[PDB]
Amino acid sequence: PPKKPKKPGXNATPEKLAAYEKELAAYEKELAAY
């Protein structure tokens with residue numbers, strides 16, 4: 001099963017927070033595909 005991306009703290013930078021959102025989106029895509 002696809003692994004959950006490391007959760008960032010509230011003090012995350014907009015770019016990395018957006019990046020995390022994309023990684024989480026990827027998680028959902030791969031989870032659905034699984």
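Numbering of residues starts from 1 on every chain and follows the order in which that chain's sequence is written, so it may differ from the entry's own numbering; residues lacking coordinates are left out. Just so you know, side-chain values use all the structure's heavy atoms and leave hydrogens and water out. Residues with missing side-chain atoms are left out of burial classes, side-chain pairs and their counts.

As deposited, the entry is annotated with solution NMR as its determination method.

Draft legend 1. Here's a closer look at the overall build of the chain. Each helix and strand in the chain was counted, giving one helix and zero strands. Seen along its three principal axes, the alpha-carbon backbone of the chain occupies a region of about 30 × 15 × 10 Å. Helix and strand assignments follow DSSP, with helices taken as H or I runs no shorter than four residues and strands as E runs no shorter than two, numbered in order from the N terminus.

Draft legend 2. Representation of the pattern of salt bridges within the structure. Whenever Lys or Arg places a side-chain nitrogen within 4 Å of a carboxyl oxygen from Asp or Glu, that contact is recorded as a salt bridge. With the rule as written, the count across this model stands at two salt bridges. The salt bridge involving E23 is made with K16; its shortest N-O contact spans 2.9 Å. Buried, partly exposed and exposed residues are distinguished by accessible area as a fraction of the type maximum, computed with a 1.4 Å probe on protein chains only: under 20%, between the cut-offs, and over 50%, respectively. Accessibility expressed as a relative area gives 43% for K16, which makes it partly exposed. For the salt bridge of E30 with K29, the shortest nitrogen-to-oxygen distance reads 2.7 Å. Its relative accessible area of 56% is what places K29 among the exposed residues.

Draft legend 3. Structural detail: the environment of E23. Relative to the assigned elements, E23 resides in helix α1 (residues 14-33). Among the residues examined, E23 registers a relative accessible area of 34% and is labelled partly exposed. Along the primary structure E23 and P1 are separated by 22 residues, whereas in three dimensions their C-alpha atoms are 15 Å apart. Residue contacts follow a heavy-atom distance rule, with two residues in contact if any of their heavy atoms lie within 4.5 Å. Beyond its immediate chain neighbours, meaning those up to four positions away, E23 contacts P5 and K16.

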